[PDB]
Every structure is written in structure tokens, then in C-alpha cells.
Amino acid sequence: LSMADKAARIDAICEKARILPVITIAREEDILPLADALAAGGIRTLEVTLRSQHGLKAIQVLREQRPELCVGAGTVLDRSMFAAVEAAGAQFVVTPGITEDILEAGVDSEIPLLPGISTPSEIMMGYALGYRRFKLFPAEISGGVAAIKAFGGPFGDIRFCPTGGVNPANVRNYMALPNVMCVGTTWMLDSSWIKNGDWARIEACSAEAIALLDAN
């Protein structure tokens, strides 16, 4: 309900997740198997994007049949879509960027919103409305680790979730920063793997991603 509460809630969700998979469901029959593969590998928090028609149905199925998993919605481009996912049962909302509307929509919503930003001005726009937890997108192109450090100076009280360009080669560098909650990506969700139903490959890849984070 309170802005400071959503900041804490979204913070709890991201720390327990560690790695936020950006899922795009192309086929209905892929919801559960995909979800079980990730879950077995240690990834219990999912981000289902509205990048496909099956977006909403997926959130619903997962919220009724896999209640143990924490499922959020992504690629919400307007207040209309924001309202939809909220009814579908999403536990949190994620966006690629911000607008005045969306930011106010997250202030009135019951579930927390992790807005996506790229620049200091965009951070301030959400800072003013009480946002303290942001998603950096695209991570690499925006300046990656160097950017996160730069923003830490003027905005020392905000945490980030870099997404876009994050992979096994740079995943620890990001997680090393004290102001990074978790990272997001799709490197364990290879397209070919999903089609051919190679769920053992996905399960193995998720396990590797989680095992990669354990030291600093």
C-alpha cells in the first residue's frame, strides 16, 4: 500500500530471486514444463512478458497451479496493460522504460512495480514519486557496471536490477556491486531448447546460473 512498503517488497522479491528470467511464452503447452525446469534449477521467481498473446494466460496458469513460485509480469507499456496483469494475478510488474502514467499507475496499484530506466533524469522522474528500486535496461549499452557505479554517487540510496547484456562472463561483476539487487536475462532460456522441449538443458543451465553466484 505505502510507497516505502513496495520498495521493501520489491527488494525482498529481487534478493530471494537473485536471477530474474525474462520469459516469453510462444506456446501454451510450454508454461508448466518451462516453469518446472527453471524451478528445479533453483530459479523460483519468474518474469512473464506480455511480448506474446500467451502472456496473461501464462500468469494465470502459473498463479493457480504453481502457487509456490513468485510470478511477475513484464513489458507492460501502458496503464491498460498494467491493470490487466494485476487482475491476471501478477505479484509484481516490470517495464522496459518509464512514462508519467505508468509511474503513477504503480503508485495506485496494490502490487509493486520495478520500473526500467537508462539515465539519471529518468531515475529522478521516478525518484520524485517515491521509487527507490530500479531496473537498468539495457544494462550493457547503458554503461554496465560503470554506469551502476556512476549512479551510485548522486543516488546512493537506490538499488538496481541490470538486464540486457548480462551473461555468465559478467554476471559476478554486477552481483559484486553493493547497490545491485539481482540481475535479469534470457541466457538460460535458449529458444531452440524450448521448441525441441530440451528441458534437461534448461534445468542444467539454470542450476549453473545459480551456482555461479556464491562468493562475492
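Position 1 is the first residue in the sequence shown; the rest follow in order.
*Asks:* Going by the B-factors listed in the PDB entry, is the mean over the C-alpha atoms higher for 36-44 or for 59-67?
*Replies:* 59-67 has the higher mean C-alpha B-factor.
*Asks:* Out of 48-56 and 152-160, which stretch has the higher average CA B-factor listed in the record?
*Replies:* Result: 48-56.
*Asks:* Taking the values straight from the PDB record, which of 180, 169, 189, 147 has the highest C-alpha temperature factor?
*Replies:* 189 has the highest C-alpha B-factor of those listed.
*Asks:* Tell me which of 80, 142, 75, 121 tops the list for C-alpha B factor in the record.
*Replies:* Answer, based on the entry's C-alpha B-factors: 80.
*Asks:* Ranked by Cα temperature factor within the chain, is residue 91 in the lowest third, the middle third or the highest third?
*Replies:* For residue 91, whose C-alpha B-factor we compare with every modelled residue in the chain, the answer is the middle third.
*Asks:* Hey, what third does residue 85 fall into on Cα B-factor, ranked over its chain?
*Replies:* Within its chain, residue 85 is a highest-third residue by C-alpha B-factor, going by the deposited values.
*Asks:* Comparing against every modelled residue in the chain, figure out the third that the C-alpha B-factor of residue 105 lands in (lowest, middle or highest).
*Replies:* Residue 105: CA B-factor falls in the middle third of its chain.
*Asks:* When the modelled residues of the chain are sorted by Cα temperature factor, does residue 202 land in the lowest, middle or highest third?
*Replies:* Middle third.
*Asks:* Split into thirds by Cα B-factor across the chain's modelled residues, where does residue 113 land: lowest, middle or highest?
*Replies:* Middle third by C-alpha B-factor.
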